[PDB]
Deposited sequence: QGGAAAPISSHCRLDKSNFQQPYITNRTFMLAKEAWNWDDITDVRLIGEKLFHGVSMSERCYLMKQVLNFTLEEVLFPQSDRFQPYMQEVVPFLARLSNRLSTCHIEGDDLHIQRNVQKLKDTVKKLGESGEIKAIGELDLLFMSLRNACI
């Protein structure tokens, strides 16, 4: 799968959230997952997230056709780690998930181009 280069707070975000804290979106989300398959993992996080906005759906819609071949469990197990965490925190899961909506973008772009 792939997107293109083509596709307001800015990164002044760290004035408001301690950059030294744990994030939902981080290195561990990608453990065991090959380069060629990162955009597909990053689609799953996009589609969990929205589904549980305008800019986001423009990127999502395009990735309907994005899949891999063979078993994707090594991917879904990583995504499920995020979902479990974005629920176990309840309110805070939602808000923390909502709070990193931009990291989801930086990661999406970077994997899909």
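S.K.: So, counting the deposited sequence from position 1, which segments are absent from the coordinates?
M.R.: No coordinates exist for the deposited residues in 1-11, 19-29, 75-90, so these stretches are absent from the model.
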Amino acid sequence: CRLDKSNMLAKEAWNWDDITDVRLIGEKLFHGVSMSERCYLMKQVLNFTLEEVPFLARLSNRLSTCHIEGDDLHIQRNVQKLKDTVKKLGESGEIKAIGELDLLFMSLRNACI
From here on, numbers count along this sequence of modelled residues.
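S.K.: Is residue 69 unresolved, in the sense of carrying no coordinates, in at least a third of the other compared entries?
M.R.: Yes, a third or more of the compared structures omit it.
S.K.: Pick between 88-96 and 13-21: the one whose mean CA B-factor in the entry is higher.
M.R.: Mean B over CA atoms: larger for 88-96.
S.K.: Quick check: 75-83 versus 62-70, which has the larger average CA B-factor in the record?
M.R.: Looking at the record's C-alpha B-factors, the answer is 62-70.
S.K.: For the listed 29, 39, 45, 56, which has the peak Cα B-factor recorded in the PDB entry?
M.R.: When the deposited C-alpha B-factors of 29, 39, 45, 56 are compared, 56 is largest.
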